[PDB]
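What follows is a single structure, written as structure tokens, with notes after it.
What's counted below: heavy atoms across the whole structure, side chains too, no hydrogens, waters or symmetry copies. Read the numbers this way: they start at 1 and go in the same order the structure lists the ligands and their atoms. Counting from 1, the numbers follow the sequence of the chain as shown.
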Amino acid sequence: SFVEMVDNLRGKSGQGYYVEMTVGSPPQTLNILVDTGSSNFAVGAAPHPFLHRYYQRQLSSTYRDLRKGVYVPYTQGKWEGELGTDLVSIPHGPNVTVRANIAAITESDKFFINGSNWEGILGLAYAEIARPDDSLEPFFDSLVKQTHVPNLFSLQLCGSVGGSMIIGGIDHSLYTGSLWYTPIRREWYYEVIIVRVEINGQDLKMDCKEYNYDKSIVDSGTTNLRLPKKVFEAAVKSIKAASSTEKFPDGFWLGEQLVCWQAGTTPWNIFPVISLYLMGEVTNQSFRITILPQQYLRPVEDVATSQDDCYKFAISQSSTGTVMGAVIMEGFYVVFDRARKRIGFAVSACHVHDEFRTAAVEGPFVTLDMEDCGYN
Ligand SMILES: CC(C)(C)c1cccc(CN[C@H]2C[S@](=O)C[C@@H](Cc3cc(F)c(N)c(OC(C(F)(F)F)C(F)(F)F)c3)[C@@H]2O)c1
């Protein structure tokens with residue numbers, strides 16, 4: 001019955017992917033950001049310049065106040081509000097209704113995005129990182145506990161954008177080839193271990209601990225691939241060298257300035273492919289996913305009146321570990337198999353196209369001492 005969830009996501013480039021949900025009785029409709037990088041379900045519940053609608057608790061007969069406050073500070077944005085529970089459904093999802101914790105957002109600072117078309121956030125990660133603390137049961141935990149929905153979901157994020165969130169399973173029509181699984185190292189974020197990095201087939205040759213300093217996570221709520229300082233520097237250097245045929249503004253590599261070319265003349269060939277090797281399921285075994293420049297050069301609307309193709313560099317520096325964001329997940333089908341504590345990757349049905357190259361998930365590879373790549 002997964003076909004009813006195919007294509008249930010929409011979004012705008014750089015502004016996340018959202019799914020339709022209803023809260024309360026009678027049902028109030030809201031679009032909700034899909035975020036594997038957090039664990040709170042929260043919705044606008046007071047007027048805001050960027051909100052066209054919001055959760056009105058007074059109009060819901062099934063609303064219950066938990067008489068406790070809550071705030072969540074993300075890397076950039078933050079909000080605060082009041083905890084409660086209500087009934088929640090996903091129209092293009094499983095045919096169930098659950099009573100879930102809901103944070104009613106009453107104040108926010110750079111959380112809501114102008115024109116994003118979503119009014120709330122669905123944190124799909126584990127209770128360990130829920131605010132105010134891990135006693136606030138996350139939505140998916142409530143869903144599994146209260147229904148017969150299997151304990152897993154999958155995300156097909158496609159490159160004005162669309163995709164699928166399959167709740168409770170895997171839809172085999174959404175990917176090609178084999179699924180490759182990497183262990184979830186710890187159940188807080190969706191934390192994984194990267195064991196090797198190559199750019200155009202050349203090993204970066206860093207201590208693999210550097211790749212996961214101080215963690216590596218899969219985060220649909222983040223746009224970019226974000227890399228620890230040392231890794232970011234090595235990668236930009238390598239990517240500069242590969243594209244040195246053309247010179248770019250120093251602010252381009254910082255994600256500040258965008259670069260444009262005549263429509264249809266974008267020199268994809270001069271930008272390298274990036275391979276991330278992930279810890280596999282058996283001893284000394286890994287697999288790789290390969291990322292094309294069509295993923296890490298994010299398309300942005302022309303700043304001028306002209307119709308050129310302009311892009312932003314969607315790889316940026318992190319101080320909190322590697323973040324495999326939307327531009328990594330795009331073109332892959334990603335299975336969050338909570339039941340078996342693993343994350344699967346396969347080439348998506350909406351995979352990224354290049355003339356002479358292709359995004360791939362490939363294995364098996366042999367990699368010794370993968371345990372040493374984890375940071376402690
Ligand atoms: C929540 C806790 C566990 C405390 C936490 C703290 C720090 C880092 C993390 C890791 N995950 C974070 C990384 S970043 O802050 C985006 C965030 C979700 C989020 C919060 C926001 F405000 C906005 N605007 C948002 O919209 C993005 C954006 F690109 F920014 F427009 C869009 F693309 F989705 F639209 C997305 C993730 O959740 C978790």
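Nearest to atom 11 (N) of ligand 1 among the protein's heavy atoms is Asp219 OD2, 2.7 Å. In this structure, the protein non-hydrogen atom closest to atom 28 (C) of ligand 1 is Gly14 O, 4.2 Å. Atom 6 (C) of ligand 1 has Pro73 O, 3.5 Å as its closest protein atom, hydrogens excluded (heavy atom only). At the top of the distance list for atom 21 (C) of ligand 1, counting protein heavy atoms only, stands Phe111 CD1, 3.7 Å. Of all protein heavy atoms, the one closest to atom 8 (C) of ligand 1 is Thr75 OG1, 3.4 Å. Atom 38 (O) of ligand 1 has its closest protein heavy atom at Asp35 OD2, 2.6 Å. Scanning the protein for heavy atoms near atom 3 (C) of ligand 1, the closest one is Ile129 O, 3.7 Å. The closest protein non-hydrogen atom to atom 16 (C) of ligand 1 is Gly221 O, 3.6 Å.
Ligand 1 places these atoms under 4.0 Å from at least one heavy atom of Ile113: 24 (N), 31 (F). When each atom of ligand 1 is checked for a heavy atom of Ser38 under 4.0 Å away, the hits are 1 (C), 38 (O). Contact atoms of ligand 1 toward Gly16: 32 (C), 33 (F), 34 (F), 35 (F) (distance under 4.0 Å to a heavy atom of the residue). Near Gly37, meaning under 4.0 Å from any of its heavy atoms, are these atoms of ligand 1: 9 (C), 10 (C), 11 (N), 38 (O), 39 (C). Remark: ligand 1 atoms within the under-4.0 Å shell around heavy atoms of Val72 are 1 (C). The contact set between ligand 1 and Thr222, taken as ligand atoms under 4.0 Å from a residue heavy atom, comprises 13 (C), 14 (S), 16 (C). Shown in contact with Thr223 at under 4.0 Å from a heavy atom are these atoms of ligand 1, numbered in order with element: 29 (F), 33 (F).
Proximity of the aromatic rings of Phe112 and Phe50 is defined here by a centroid distance below 6.0 angstrom, and this criterion is not met. Proximity of the aromatic rings of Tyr126 and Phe140 is defined here by a centroid distance below 6.0 angstrom, and this criterion is not met. Ring centroid separation for the pair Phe271 and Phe248 comes in under the 6.0 Å cut-off. Outside the 6.0 Å centre-distance limit, the rings of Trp180 and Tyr277 are not counted as a close aromatic pair.
Residue contact check for ligand 1: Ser116 places no non-hydrogen atom closer than 4.0 Å to it.
The proximity of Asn40 to ligand 1, defined as any non-hydrogen pair under 4.0 Å, does not occur for either the backbone or the side chain. Contacts between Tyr189 and ligand 1, counted as non-hydrogen atom pairs separated by less than 4.0 Å, involve the side chain only. Residue-level proximity to ligand 1 for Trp118 is carried by the side chain, the only part with a heavy atom below 4.0 angstrom. Contact annotation: for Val323 versus ligand 1, there are no heavy atoms closer than 4.0 Å.
We find that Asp207 and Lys230 are not joined by a salt bridge, their nearest charged nitrogen and carboxylate oxygen being 4.0 Å or further apart. Between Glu128 and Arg186, at least one side-chain N (NZ, or NE/NH1/NH2) sits under 4.0 Å from a carboxylate O, which counts as a salt bridge. Using a cut-off of 4.0 Å between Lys/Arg side-chain N and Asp/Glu carboxylate O, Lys229 and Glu233 are scored as salt-bridged.
Side-chain polar atoms of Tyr189 and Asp219 form no donor-acceptor pair below 3.5 angstrom. Using modelled atom types and a 3.5 Å distance limit, the side chains of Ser61 and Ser25 yield no donor-acceptor pair.
Within a 4.0 Å radius of atom 30 (F) of ligand 1, the protein contributes no heavy atom.
Ring pair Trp253/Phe313 is perpendicular by interplanar angle, where above 60° counts as perpendicular and below 30° as parallel.
Screening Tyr296, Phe252, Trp268 against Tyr311 for a ring-ring contact (aromatic ring centres under 6.0 Å, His included) leaves a single residue, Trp268. Only one option out of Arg99, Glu137, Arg64 pairs with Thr85 in a side chain to side chain donor-acceptor pair (under 3.5 Å); it is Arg99.
Closest to atom 20 (C) of ligand 1 by heavy atom, among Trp79, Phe112, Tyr74, is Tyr74.
Nearest heavy-atom pair across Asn40 and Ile129 is OD1-O, 4.5 Å.
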